[PDB]
Each structure stands twice: as C-alpha cells, then as structure tokens.
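Shown next as structure tokens: one chain only, the form solved without the DNA.
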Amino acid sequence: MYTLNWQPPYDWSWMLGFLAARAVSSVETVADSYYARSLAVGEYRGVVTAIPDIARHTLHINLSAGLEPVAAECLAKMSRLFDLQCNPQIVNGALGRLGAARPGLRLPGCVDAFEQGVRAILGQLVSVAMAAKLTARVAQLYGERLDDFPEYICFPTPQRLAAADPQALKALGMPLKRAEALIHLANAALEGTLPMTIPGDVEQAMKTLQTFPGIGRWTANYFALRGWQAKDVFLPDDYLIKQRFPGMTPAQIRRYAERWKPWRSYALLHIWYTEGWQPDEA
C-alpha cells in the first residue's frame, strides 16, 4: 500500500532475526519475509505489516483499516524501527574493519518510546528470551485485543500501566522496584516527561532519565539507543559486551569505545554480533 525507500546495503535477515528473538507473543509476528505487529496511535488501532523488496530496496507497508486515518504516523514509526535513514557508506566508512562482516547492519529502533521504555526496564539483568516472555505477560494482562484481529493484542497503554498494582506486575516475574519503575515511566508518558522523540541533547536527557526510580545507566543507554535511535551510545555495562571485552571494567570499555564516535550505537551492534570479536592491543 505504502512504500518507503532505503539505501543499500540492508541486512534484512539480521534485522528480522534481531526482532524475532525479541518478538513479544500476541503483539509481534516476525518471519523470514516480513514483520507484522498490532499498533495503536491514540484511538486508532490495527495491524501494520512491513514487507521488504530487497532488489528494489523498498519497504512495503500494509495497514489494516483501523490505522488508515493515521497512516503517515504508522509509516514514521516503521521508518524508526527499521532505520531507513541510514547511509551505510558513511557508517561503514567510519567504523572500517568492525563493520566489514555486516555492512548492511542497521539500528533496530522501536514503534513507540513508551513501549521501548517498558521494554528497556524489563530487559534489565535478564536474557533476551526471559525479557520477551515477561513483556508478553505484561501485554497479556494489560493490553487490549484488536476487535478485527483477535489474535493480536496491543501493547499496554500508559494509562493502564499507571494504574497497575505493583504487586500484579511483580507477580508476572520481576522485583517490586522494577514494577514500580514501570508505573513511574507510565506516569511520565502521560505527563509528557518522557521524551517520545530524540531530544536535541541526548546526554542531558539520559542524565534526566536516571533520576527516575529504577532506571540505571544501562537502561538509560539502551532506551536512548532503541527508544530514541540515538546513534552515539555504547553499553559498557551490558552483560554480553563485558564478555567481548574480557576482564575490562565498564570504564575501560567506555574509553575503548570512544574510537567509534560518533557512531557508537552502530559499533555496539556489530560487536554484539561478531562472535569472535576481541579488542586491539595498545
């Protein structure tokens, strides 16, 4: 129905693979040839489907009837999820050897910053698989199913999560403080306190995020990366990153990563996805 362009190369297998591992049951559906999910924009609800046309470097977007009135915003959300803006030549030119194995690697964003905030908090100290299962439980208990597409449930609205019982969220498999962090984040979205789009000053904004209860440095960094699609953020506290930089403290990792500025977010993804990566010796 709608078509958006991207600049080659684009590694769709890697991107869909990334999203498939993190796919929340009943909310998202990821396959080899497409990505589909429920979506709510204000009072408009439906299913958005993204189908890449690799040869023609065009992403085809299909929207169910309920989302047509807000089609443009749905296209904008897809563009941010898929990093369609990326000029791979510039990024790969800067990263050099690090990006050589996956020149088509892109920054997987999100469809809604509030949802990504909840996801970032739920991704704390747990694996990708556990986080997705926990997020699915949250969506199942607080999400609204689509009337026209019953197999799909919309991600919980800030309103529903703000009024959630901390003990209910805790029951789903998270510490009480984490449940409290989610409720606070929900209120911040209602009030307009949580930046829904990348601010002009990413560092100032992340500092402000860390004053929210239950949001540490990793969550703030990861939220900026996916939630705002900030392109210059690394995750020195990340469990897998600590394994890629054996025996190095978060401070040592941060210093090392500075060589990738202003594309540290792309560098993070490549390291996460480079099995045998190891740091250079001074």
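Numbering starts at 1 and runs along the sequence shown. C-alpha atoms forming the largest set that superposes within 1.5 Å between two forms make up the rigid core.
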query: Stretch departing more from the displayed form, 247-255 or 233-241, Cα RMS in 8 other deposited structures of this protein (core fit); finding: 247-255
query: Farther-lying stretch by C-alpha RMS in 8 other deposited structures of this protein, rigid core as reference, of 78-86 and 169-177; finding: 169-177
query: Given 175-183 and 109-117, the range whose Cα B-factors average higher in the PDB entry; finding: 175-183
query: Average Cα temperature factor in the PDB entry - higher stretch of 148-156, 203-211; finding: 203-211
query: Top residue by Cα temperature factor, when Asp232, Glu28, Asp237, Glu68 are compared in the entry; finding: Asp237
query: Selection by C-alpha B-factor (highest) of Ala220, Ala257, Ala55, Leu59; finding: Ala55
query: Entry-reported Cα temperature factor of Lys261, expressed as the chain third it lands in; finding: highest
query: Cα B factor band for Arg102 (lowest, middle or highest third within the chain); finding: highest
query: Third of the chain's Cα B-factor distribution that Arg45 belongs to, per the entry; finding: middle
query: Chain-relative CA temperature factor third for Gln243; finding: highest
query: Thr197 CA temperature factor, ranked by third within the chain; finding: highest
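The same protein also has a form solved in complex with the DNA, omitted here; what follows describes it.
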{"property": "Proximity of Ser79 to the DNA in the bound PDB entry, heavy atoms at 4.5 Å", "result": "no"}
{"property": "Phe212: touches the DNA in the bound PDB entry, heavy atom cutoff 4.5 angstroms", "result": "yes"}
{"property": "Partner contact for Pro52 in the bound PDB entry: the DNA, 4.5 angstroms, heavy atom", "result": "no"}
{"property": "is_contact(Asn187, the DNA) in the bound PDB entry, heavy atom dist at most 4.5 Å", "result": "no"}
{"property": "Single option in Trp228, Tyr44, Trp218, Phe234 placed near the DNA in the bound PDB entry, where near means a heavy atom within 4.5 Å", "result": "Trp218"}
{"property": "Interface segment, criterion being heavy atoms within 4.5 Å of the DNA in the bound PDB entry, picked from 98-106, 122-130, 146-154, 81-89", "result": "122-130"}
